[PDB]
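Structure first, then comments.
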Amino acid sequence: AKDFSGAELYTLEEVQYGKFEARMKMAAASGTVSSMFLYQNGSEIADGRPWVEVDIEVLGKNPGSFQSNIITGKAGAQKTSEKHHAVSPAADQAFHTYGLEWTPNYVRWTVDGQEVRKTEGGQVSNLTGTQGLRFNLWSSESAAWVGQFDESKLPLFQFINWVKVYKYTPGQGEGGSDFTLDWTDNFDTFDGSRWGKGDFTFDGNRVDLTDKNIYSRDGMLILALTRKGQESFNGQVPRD
Ligand SMILES: [Ca+2]
Ligand SMILES: [Ca+2]
Ligand SMILES: [Ca+2]
């Protein structure tokens, strides 16, 4: 297996459309990826099925920005639309509320309630089916994308204070809006009836995502990126 340990938190259930918010302080060092994303599980299987995914990824070499993306097409022939958005304070220096909205008509990205991207059109028409909400922390082998991996910066931690998921309820949300809050997880514990911890990896990722690196402490869920064999979190959870 691999020489580093990362983590992936994922909802056990997938949904069709919705609004998803996560209050997070992201991880960043050259070479890392710290994310929030919607994912249709199995998209990675190259049997001809479609790929359905929407991303927020902080690329470690540039902590003051995040990359947005929609991945459609299919495995081995993806259609993407990478864009970048400034975040202030930098993503690894403060908590921000990251939002994703996905409806039949558009996908929208927000930071602290402010829109940073809204996409319509072809890829949106191909985000069919369901997607679960996921968060992961890893390191990409593409130095051009994330920077050379600086192992001396390990361990790194991504903190998730809370998550809110809203159902798509067109014209029936508060004040005629299109979403209605469905559930909130404040992360006082790891709720195993709601979430799973990933134990797998993929090509281009130099880490094994492992359940060893998801921690529950002081009201937050913590994802860690560590050298293999150094899986621990003995720091202080930041205040939000
Ligand atoms: Ca290195
Ligand atoms: Ca909390
Ligand atoms: Ca697992």
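No Cβ is skipped: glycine too gets one built from the backbone with ideal geometry, and neighbour counts run over all protein chains shown. Every read-out reported here was derived from the displayed coordinates using simple, explicitly stated rules and does not represent laboratory data.
Here are a few things to note about the model shown:
- Extreme residue, nearest to ligand 2 (Cβ to nearest atom), among residues of region 115-172 that are under 16 Å from the mean Cα position of the chain (by Cα) and aromatic (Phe, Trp, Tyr): 162
- Test result for residue 4, under 22 Å from residue 144 (Cα atoms), touching a helix residue (DSSP H, G or I) at 6+ places or on another chain (Cβ under 9 Å) and aromatic (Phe, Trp, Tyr): yes
- Scan region 185-240 for residues that are among the hydrophobic types (A, V, I, L, M, F, W, C) and within 16 Å of ligand 1 (Cβ to nearest atom) and the total you get is 2.
- Residue within region 123-142 that is within 16 Å of ligand 1 (Cβ to nearest atom), farther than 14 Å from residue 56 by Cα, surrounded by 12 or more Cβ atoms within 10 Å (Cβ to Cβ) and of a type in the set (D, E, K, R) present: yes
- Subset of region 171-204 (residues that are more than 16 Å from ligand 3 (Cβ to nearest atom), in contact (Cβ under 8 Å) with a residue 60 or more places away in the chain and surrounded by 14 or more Cβ atoms within 10 Å (Cβ to Cβ)): 178, 179, 182
- Filtering region 29-70 to residues that are touching a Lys or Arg at 6+ places or on another chain (Cβ under 8 Å) and part of a loop (DSSP other than H, G, I, E, B) leaves 29, 30, 31, 42, 43, 46, 48, 49, 51.
- Scope region 205-229; condition of a type in the set (A, V, I, L, M, F, W, C), out of contact with any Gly (no Cβ under 7 Å at 6 or more places or on another chain) and more than 16 Å from ligand 3 (Cβ to nearest atom); matching residues: 220, 222
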